[PDB]
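Protein chains in written order, with the entry's author numbering: chain 2A, 208 to 257; chain 1l, 131 to 169; chain 9D, 66 to 161; chain VI, 1 to 437; chain WI, 1 to 437; chain VH, 1 to 431; chain WH, 1 to 431.
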Amino acid sequence: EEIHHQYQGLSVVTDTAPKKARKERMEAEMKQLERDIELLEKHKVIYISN
Amino acid sequence: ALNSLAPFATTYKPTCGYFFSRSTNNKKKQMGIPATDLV
Amino acid sequence: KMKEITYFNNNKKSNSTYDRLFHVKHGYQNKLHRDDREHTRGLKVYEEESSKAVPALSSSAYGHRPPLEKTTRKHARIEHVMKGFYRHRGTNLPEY
Amino acid sequence: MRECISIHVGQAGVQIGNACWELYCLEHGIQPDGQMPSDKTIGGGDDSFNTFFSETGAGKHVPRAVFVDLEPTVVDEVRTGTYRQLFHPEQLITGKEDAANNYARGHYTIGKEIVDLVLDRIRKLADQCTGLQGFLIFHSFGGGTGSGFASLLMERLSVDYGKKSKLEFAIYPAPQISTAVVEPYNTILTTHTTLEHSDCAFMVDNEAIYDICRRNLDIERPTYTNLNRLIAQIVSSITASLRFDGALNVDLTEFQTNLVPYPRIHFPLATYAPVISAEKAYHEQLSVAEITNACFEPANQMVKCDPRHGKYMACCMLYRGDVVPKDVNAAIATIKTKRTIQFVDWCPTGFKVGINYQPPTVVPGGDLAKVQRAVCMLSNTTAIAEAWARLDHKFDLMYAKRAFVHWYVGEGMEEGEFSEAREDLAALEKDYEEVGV
Amino acid sequence: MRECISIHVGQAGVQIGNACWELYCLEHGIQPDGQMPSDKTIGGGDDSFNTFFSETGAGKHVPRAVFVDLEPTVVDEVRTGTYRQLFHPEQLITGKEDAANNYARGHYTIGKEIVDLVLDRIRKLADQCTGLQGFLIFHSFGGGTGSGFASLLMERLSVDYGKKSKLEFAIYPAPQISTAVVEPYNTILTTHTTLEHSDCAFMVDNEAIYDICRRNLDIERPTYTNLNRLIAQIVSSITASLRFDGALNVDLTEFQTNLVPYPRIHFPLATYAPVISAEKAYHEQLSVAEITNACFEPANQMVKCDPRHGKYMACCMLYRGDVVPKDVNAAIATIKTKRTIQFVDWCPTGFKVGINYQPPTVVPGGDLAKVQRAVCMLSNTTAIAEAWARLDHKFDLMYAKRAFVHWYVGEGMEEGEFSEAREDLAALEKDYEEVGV
Amino acid sequence: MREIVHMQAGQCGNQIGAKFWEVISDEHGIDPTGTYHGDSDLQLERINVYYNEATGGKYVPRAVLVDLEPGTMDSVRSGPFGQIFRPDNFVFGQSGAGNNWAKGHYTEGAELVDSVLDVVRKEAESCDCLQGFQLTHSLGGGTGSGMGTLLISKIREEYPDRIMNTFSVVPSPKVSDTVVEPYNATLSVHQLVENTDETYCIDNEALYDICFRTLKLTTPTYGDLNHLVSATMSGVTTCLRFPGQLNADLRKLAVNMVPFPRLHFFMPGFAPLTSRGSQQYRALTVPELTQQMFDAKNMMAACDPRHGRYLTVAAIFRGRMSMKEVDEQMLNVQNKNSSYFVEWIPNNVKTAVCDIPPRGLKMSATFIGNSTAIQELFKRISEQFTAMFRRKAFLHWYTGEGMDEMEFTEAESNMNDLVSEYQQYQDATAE
Amino acid sequence: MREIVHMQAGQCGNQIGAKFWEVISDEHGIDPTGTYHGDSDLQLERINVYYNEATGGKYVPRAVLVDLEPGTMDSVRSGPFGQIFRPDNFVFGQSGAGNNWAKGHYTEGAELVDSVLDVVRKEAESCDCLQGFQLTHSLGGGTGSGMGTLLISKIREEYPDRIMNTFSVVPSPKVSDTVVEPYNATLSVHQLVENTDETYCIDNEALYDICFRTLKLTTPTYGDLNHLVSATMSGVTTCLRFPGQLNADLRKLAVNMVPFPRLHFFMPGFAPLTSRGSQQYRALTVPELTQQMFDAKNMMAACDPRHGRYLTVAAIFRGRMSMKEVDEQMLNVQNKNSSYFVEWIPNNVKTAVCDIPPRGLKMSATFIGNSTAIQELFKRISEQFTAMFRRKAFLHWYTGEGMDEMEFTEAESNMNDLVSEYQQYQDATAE
Ligand SMILES: Nc1nc2c(ncn2[C@@H]2O[C@H](COP(=O)(O)OP(=O)(O)OP(=O)(O)O)[C@@H](O)[C@H]2O)c(=O)[nH]1
Ligand SMILES: Nc1nc2c(ncn2[C@@H]2O[C@H](COP(=O)(O)OP(=O)(O)OP(=O)(O)O)[C@@H](O)[C@H]2O)c(=O)[nH]1
Ligand SMILES: Nc1nc2c(ncn2[C@@H]2O[C@H](COP(=O)(O)OP(=O)(O)O)[C@@H](O)[C@H]2O)c(=O)[nH]1
Ligand SMILES: Nc1nc2c(ncn2[C@@H]2O[C@H](COP(=O)(O)OP(=O)(O)O)[C@@H](O)[C@H]2O)c(=O)[nH]1
Ligand SMILES: [Mg+2]
Ligand SMILES: [Mg+2]
């Protein structure tokens, strides 16, 4: 929710290199988070190996 | 899952864009199979 | 807090965006004509405007009070001719 | 057996019926959910409610009213509020977009695509009926749904059902006070239709009810709630003889054949008496003679006109309560021998009395006091020509500069309907003059 | 003991039968595993289940259903669903590939490989019956398995059995809502062959029953499931006279000797219209007269053609439930006095009444409120020519450019079939016109 | 169900619409996120008039923010209550018209209009009633005026049966606030008075006046002004959203307040307005509301109405009240100041009572009025236009960027025709 | 039990098929090793359609990898979901010959055609019903075009009854991207027309437009383009793989879509495609899916459908939805854009609802449409072809590999005939 709130407050266009990189870094971070808690929410047990 | 559709991830090797890092080695890998050879 | 109408709601749970989007429900109900226009039947005011001591709608004042009289049952047009001269079943004609 | 279909058109008609059905349910004992607390065991035959309600199977009574309106709003809180279950879900017919104070828009647009559904609901109700005798079209002359669509439904009901007593209850604009600016246009346009299709159209404005609430009722803050409760009491006193026994029972046929001298003078005035409050009711001898005097007072008229300038043709007394016919005879004799109350020469016998035994039922949260005696005085006077002249003057002031005509013209209704309606009410005023002389 | 065998061919037929056998098991108290519980039997040797379920003696009952589709799907849903142990594994026949909206593939190429197997299964399930009322074919005219292979089955059944009743239930294409583009071709090709072989074609389209579900059953986003339950209720009400008793009973020859005046006029339309939802049935007394005249309006006929544009020819009205045989005749007398509908001059008596005693059975999971009265009216009417004219206009309009012809041509069928089907449908329209005038 | 599509054009439109979507979403209970932290289902029954709700509890609005330069859109998205707006309906240009009507109407403002109508059609066909179109543009600027009037012309052309209400800020009598403002305003009103069914004409001396010497406030910021505009902007469409007593929809107000088609320029008014120190000394009742309405100071259009006569007046009360109060107060106003009313219109006052007041008010009052005193605005603008056009002021931009002198001539023709119509319907008697 | 044999030839075909076997592996629950790591039982009913069972629970795809060179074979073998292919279905040469239809079709491309045809033959007799063949290739290459259409001709000769479709990445109208593309495309379609009956024309800047004006995605890349292609790969055969209310397989959507044999050039699409930012602001409903279908901003062919009329249209839906809503939406869009449809056939739209959606989506959709707007691409390719052929440019690399100008004239005549009949069937009136 925090990275989504920060990503929603970006500019209307990302034309500079930092704007273009800051969009993509947050997109990759939030989708990696989505994969992480999708794997967590799809399951009920979750054992930890080593 | 590595190929999601609704939040659109088509996960490939970390090349181009922000994640280019002079890494994620672009040397080609050994095929293993030689060729198709009836000769 | 107290606001124009009281309605001390218990914060009406949460609506987190992750659970709203990525918890996909294949549970459309067919009682509507479109999925987006959801708040056309699930409207809940009929008991809170009665729990009002004084109600927030002018139109919702017709029958807010409990009844006062006994309706004065004594004079009523009780039908005896065309509802009493007709009896549903049985030709007289004994059958035992 | 003695059915009567109620049709509430427009916001004013729907709100009047919202008071009216509350009063009917409190009168006949049906709870707001439709379930009578008792059942067919006690109460004997239990057929008093059959004028309005119809018991369906297990014992839920559904009324015989159609709540039709072009805007969704008011009929949606009708569908949503306390009486959500008691009304049939397809009876409460909604529109799609409001007519918005326009006879042209109510009679030449989306009123067409609601009228087939409301007519089919009317036919379903009348085929459920087993001896239907009358209609109860409640609406307003202010304009929009209550004028154009009500006129359209009146015309279609007249050409469909043939001979049938179509009682109309219209909300008239007051002399000094009204809401919309096109109320003159709407009144002339709806009177052109309801003159030849209605039968005993009762007329009520807001100012006179406000004055009665301020004078008799001690209500410093009267509102539409009190107005609609008073009109509900009026119509209950009109239709009480159908549902309760009495010394003399008056139904719609002998109502309209006594209150209509000629087949154009069918606009009587309704006055209720007493409209007293409980505090003033304590200090009094409420009785037949003085309630007849209050009925014939000029300050208790519910149309803003002076009956002392009138030429009373025929009036019906509708007594309600433990009323003695000898006291009725004495009160009518005193009213007849009074000289300021002027009757027309060709009707010396103009006093149709009808006594019902059931006393009036008070609404909880109401304003009227409990009374053992009431009269719904209904008089076909000549003082309504003052109202006709007033609204014709308003129409002339509108029509001199042709203001607010372009909406009707661009909608589609032409100048010919305005001209025909104006000349129709001119002929109506000359008809009152011809019958009054 | 009065057995009737049901052949459900095509995807539409298989889905319709999937709802139908659910309704039949619920009516006869049969659990989905195939057994009747000991506390859900009439007892004393009841026989009101053998018309649809045989009894391989273990306590287990198996239906007389010939579920057939050329595609591996949907029948696999039947095999893997909750109605898995009910059907025998040999009763559910599947082929190599679907005919795929092609009459030529359904009739000449794909269906020939499986027509002998389905004929063998029909022969076995017919020989297992002591007395056969007839055949209940369930299919769609849209195209594929339900059109060409249905026509092939009807040709083979007319060759083999002969003279037996063959009721078909065809999912007809609606005028504006449709799925394939070759549906006019498939209907034109089927109605050349089913004309000479069937004896009663109950045809239903999707748009009209969508309107029924939206309006009367207030489901304004319905689905094929709900359509299948309502069609199942229709077929249960029509076959409810080979089972539970009552007044006048109408059987497979009874409602055919009085529905077809001439042999090739076997295209009636069905109307089951006590279709009232749960929240709308409590606020209504569901009476015989009002359901009787409710099953006569164009808003309730489930074929998109108004009955006003055409003269009625015959009506077989099948009541169901607690119905006295008086108010049936009273309601039919009122309909005879009605001038809205028009009967043909050579059929003075044109009503045939069947009445049962079993109330309709509600499926848990459908809206379909618990009602004690039902009508399943079947009218042979001249207004069905509108659908023929519409699809003939579509057929000629597509065939002007000879589009989609090569798919039929390169499969085993020639354009002479197209020409002779055009001529046959022109003759059918001319015969309906001549019979109507 | 009567949806109305809302539209913001220019920086004035963007800020006024941003505060309007703060105010009405606070009224309906929408949080900053977009969900429903409301109080009642009365706010939810007709919440889809302004909001195309998504699945679940998302309540995004039918607002189209449009400009020729991104700018204020980034400002709105960074500002509070800015994340409610959908990222799809932020169509914009790249250069920026500014205060050039030619740049808003013929030049790159006229190539954005295809995408603008694409979004408008998407939001219109994602509905079922489509009562009308709200526009909060700036009358007397560039992208507010030129693109706004072009959008009005296109929308009236493609849906010619809908209520069209534009709010608009009026060119100022005092100060200037823009040098080319008479040219921009004349060119805007030329295309405005054929298509808009009602224009509301808000003015930037009355907004400062009724907060400086009615609300005190010392330094009155700008958010208070935008809130004061959005108060009556929300109060007009109260009948479309909240139920209650005797109602008045947008078409009802249009037919009650427009006697002839080119007479649809009104003046607004919000009349609970007590100073912060003397709020407790006032008794807030319908007579006090009516006194605050029919008062020369409270009108938000300048145009001191003692210099003319009200053609029509409509008053939307919001609260738990009596009808006899409001109706008797309007009777008292008419019978008292009948000299300052139009004599050939008896009952020139429409009343509409809802029973849902806004936040922080037990009772509320919204004034709107078609007056024969609003011609002073148009007379001053025509005078300034003629003063610049005689000496040929800033014109080479328009002429070399795609106008003609003739277009200015019919603009002045509609100018003096409109003021002549106001004067002719003012000075006429009953007979 | 229907059966599809996948045949990926060329660089573009290899990459697209790699992403296709990626997107359906996790749809059917297949891990990179080969086991079934999933939850639902519905994925093991028609899993034989794309994967045949092997030694020890392993499922392997029924796909043939076809090329004249290593390279993207190394890339496919090294990438994820790459060690799932059987290492024997890997027919590849060593020349590196490319961008020469002659060298791919009348040269060494005819040397490996026997080996790859025997591989495909073993694949086909590994089946029991063999619904058809599905090939992925690019129009405008050497290996995927020449050798590809050679294999198309051999398969059409040897199995002239089964449904066989190509997904035909077409050349690009904007820019050129390969110098000999009109020659390759002309010679490839000249073999595609008589053989294939389902060609899904997929264009590159259309996918760029989708990925940039629909999903933002500032770094689009061929991963996103190949996932767009793989979505409409899975959307055609989702009815074969999974049950639905109204099933429709490849033969049904061929016969329902081909009125005359040389009229089989489709325009694929997908729905719902939404951005990451505009995901909580969007409602995933059937009318939104339908309008996103029939909007021209969803087509995978760069030709614009507004300049032509759709011949026939298919809308293969996936997920749990309402049948009345779905076919009412198609009725509404047909009656709305009745001018953008041919009137000489009625009801030219097709519905196919499947009861299983993809991963993470409530509903999904696949628009595939035979339209008369595809003739603009053929007109452009024919004009470029005759522009190069009028001066014999680049022709000696074709005539030195065993060709003649007679074949080029025959291909040009075929192009002109196909364009002329597209013109005829777009201007042919009803009567
Ligand atoms: N007595 C009484 N009159 C009412 C009431 N509500 C509205 N009115 C009258 O209705 C008039 C306004 O016209 P409406 O009846 O509201 O118009 P409508 O029938 O709803 O049709 P539209 O204008 O299209 O909405 C006012 O002048 C009131 O006198 C009410 O509750 N009681
Ligand atoms: N009422 C209803 N109609 C259906 C149903 N399923 C299919 N249909 C109708 O069938 C038509 C499509 O043809 P299908 O029945 O699916 O094809 P088929 O008869 O199985 O033959 P094939 O082409 O081999 O699949 C549609 O137009 C529908 O009207 C269903 O479940 N209920
Ligand atoms: N309420 C409000 N009014 C404004 C604002 N900006 C300009 N105005 C008014 O609009 C007129 C000029 O508008 P302008 O700034 O040119 O709008 P533009 O065309 O979008 O640039 C002036 O007379 C101002 O009174 C604003 O941000 N808010
Ligand atoms: N979508 C997509 N297209 C590609 C890819 N690689 C090449 N192409 C397209 O293929 C065309 C060139 O064809 P090519 O691959 O050289 O054919 P080949 O030489 O026979 O293998 C170009 O127009 C590209 O657009 C890819 O990875 N994805
Ligand atoms: Mg109203
Ligand atoms: Mg099928």
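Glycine included, every Cβ here is placed at the ideal spot set by N, Cα and C.
In this structure, does DSSP put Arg156 (chain WH) in helix, strand or coil?
-> Start at 1 with the first residue of the seventh sequence, and residue 156 (chain WH) comes out as number 156. Helix at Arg156 (chain WH).
Can you tell me whether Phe92 (chain VH) is buried or exposed, with buried defined as 16 or more other CB within 10 angstroms of its CB?
-> Here residue 92 (chain VH) refers to the residue found at position 92 when the sixth sequence is read from its first residue. Counting Cβ neighbours within 10 Å, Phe92 (chain VH) comes out buried, since at least 16 surround it.
Just the C-alpha distance for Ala314 (chain VH) and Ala352 (chain VH), rounded to the nearest angstrom, thanks.
-> Along the sixth sequence, read from residue 1 onward, the residue named residue 314 (chain VH) stands at position 314. Along the sixth sequence, read from residue 1 onward, the residue named residue 352 (chain VH) stands at position 352. Rounded to the nearest angstrom, the two C-alpha atoms are 8 Å apart.
Rounded to a whole number of angstroms, what is the C-alpha to C-alpha distance between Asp404 (chain WH) and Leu139 (chain WH)?
-> Residue numbering aside, residue 404 (chain WH) sits at position 404 when the seventh sequence is read from its first letter. Residue numbering aside, residue 139 (chain WH) sits at position 139 when the seventh sequence is read from its first letter. Approximately 21 Å, taken between the alpha carbons.
Secondary structure at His107 (chain WI), three-state DSSP: helix, strand or coil?
-> For the purposes of this step, residue 107 (chain WI) is taken as the residue at position 107 of the fifth sequence. Reduced to three states, the DSSP call for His107 (chain WI) is helix.
For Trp346 (chain WI), is the classification buried or exposed, using 16 other Cβ atoms within 10 angstroms of its Cβ as the cut-off for buried?
-> Along the fifth sequence, one-based indexing puts residue 346 (chain WI) at 346. Answer is exposed; the Cβ neighbour count stays below 16.
To the nearest angstrom, report how far apart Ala254 (chain WH) and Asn101 (chain WI) are at their CA atoms.
-> Within the seventh sequence, residue 254 (chain WH) is the residue found at index 254, counting from 1. Within the fifth sequence, residue 101 (chain WI) is the residue found at index 101, counting from 1. Computed Cα separation, rounded: 10 Å.
So is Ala296 (chain VH) buried or exposed if we call it buried at 16+ other beta carbons inside 10 Å?
-> Residue numbering aside, residue 296 (chain VH) sits at position 296 when the sixth sequence is read from its first letter. Under this definition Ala296 (chain VH) is an exposed residue.
By Cβ distance below 6 Å, which residues in the same chain neighbour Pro305 (chain WH) in space, the five residues on each side in sequence not counted?
-> Position 305 of the seventh sequence, counted from the first residue, corresponds to residue 305 (chain WH). The answer, listed in chain order, is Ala296, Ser371, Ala373.
For ligand 8, any of its heavy atoms closer than 8 Å to the Cβ of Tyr222 (chain VH)?
-> In terms of ligand content, the structure shown lacks ligand 8 and carries ligand 1, ligand 2, ligand 3, ligand 4, ligand 5 and ligand 6 instead.
Using only the heavy atoms of ligand 5, determine whether one of them is closer than 8 Å to the beta carbon of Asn186 (chain VI).
-> Sequence index remark: in the fourth sequence, residue 186 (chain VI) carries index 186 (1-based). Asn186 (chain VI) Cβ: outside cutoff for every heavy atom of ligand 5.
Give the DSSP-derived three-state secondary structure of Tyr432 (chain VI) in the structure shown.
-> Residue 432 (chain VI) sits at position 432 when you count from the first residue of the fourth sequence. Helix.
Between the CA atoms of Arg62 (chain WH) and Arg121 (chain WH) - distance to the nearest angstrom = On the seventh sequence, residue 121 (chain WH) is found 121 positions in, with the first residue counted as 1. On the seventh sequence, residue 62 (chain WH) is found 62 positions in, with the first residue counted as 1. When rounded, the distance between both Cα atoms is 11 Å.
Check the Cβ-Cβ distances between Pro305 (chain VH) and every residue of chain 2A, and say whether any is below 9 Å.
-> Mapped onto the sixth sequence, residue 305 (chain VH) falls at position 305. It does not; no Cβ of chain 2A falls within 9 Å.
Taking three-plus beta-carbon pairs below 8 Å as touching, is the region 175-195 of chain VI in contact with the region 353-363 of chain VH?
-> The region 175-195 of chain VI vs the region 353-363 of chain VH: no contact.
Can you find a CB in chain WI that lies within less than 9 Å of the CB of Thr238 (chain WH)?
-> Counting from one through the seventh sequence, the residue named residue 238 (chain WH) turns up at place 238. It does not; no Cβ of chain WI falls within 9 Å.
Could you check the C-alpha separation between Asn99 (chain VH) and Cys12 (chain VH) for me, to the nearest Å?
-> Position 99 of the sixth sequence, counted from the start, is the residue given in the question as residue 99 (chain VH). Position 12 of the sixth sequence, counted from the start, is the residue given in the question as residue 12 (chain VH). Answer to the nearest angstrom: the Cα atoms are 12 Å apart.
Tell me the DSSP bridge mates of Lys350 (chain WH)?
-> Residue mapping note: residue 350 (chain WH) aligns to position 350 of the seventh sequence, counting from 1. For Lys350 (chain WH), which the question treats as bridged, DSSP gives the partners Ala314 (chain WH).
Starting from the beta carbon of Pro70 (chain VH), find every residue of chain 9D whose beta carbon is closer than 9 Å, and list them in chain order.
-> Looking up residue 70 (chain VH) in the sixth sequence gives position 70. What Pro70 (chain VH) touches in chain 9D: nothing, since even the nearest Cβ is about 25 Å away.
Would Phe317 (chain WH) pass as a contact of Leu289 (chain WH) if the rule is Cβ separation under 9 Å?
-> Residue numbering aside, residue 317 (chain WH) sits at position 317 when the seventh sequence is read from its first letter. Residue numbering aside, residue 289 (chain WH) sits at position 289 when the seventh sequence is read from its first letter. Yes.
Figure out for me which residue from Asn414 (chain VH), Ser153 (chain VH), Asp203 (chain VH) has the closest Cα to the Cα of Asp177 (chain VH).
-> To locate residue 177 (chain VH), count along the sixth sequence from 1; it is residue 177. That would be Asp203 (chain VH), whose Cα lies nearest to the Cα of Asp177 (chain VH).
Inter-residue Cα distance where the pair is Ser151 (chain 1l) and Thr219 (chain WH) = The residue given as residue 151 (chain 1l) occupies position 21 in the second sequence. The residue given as residue 219 (chain WH) occupies position 219 in the seventh sequence. Computed Cα separation, rounded: 16 Å.
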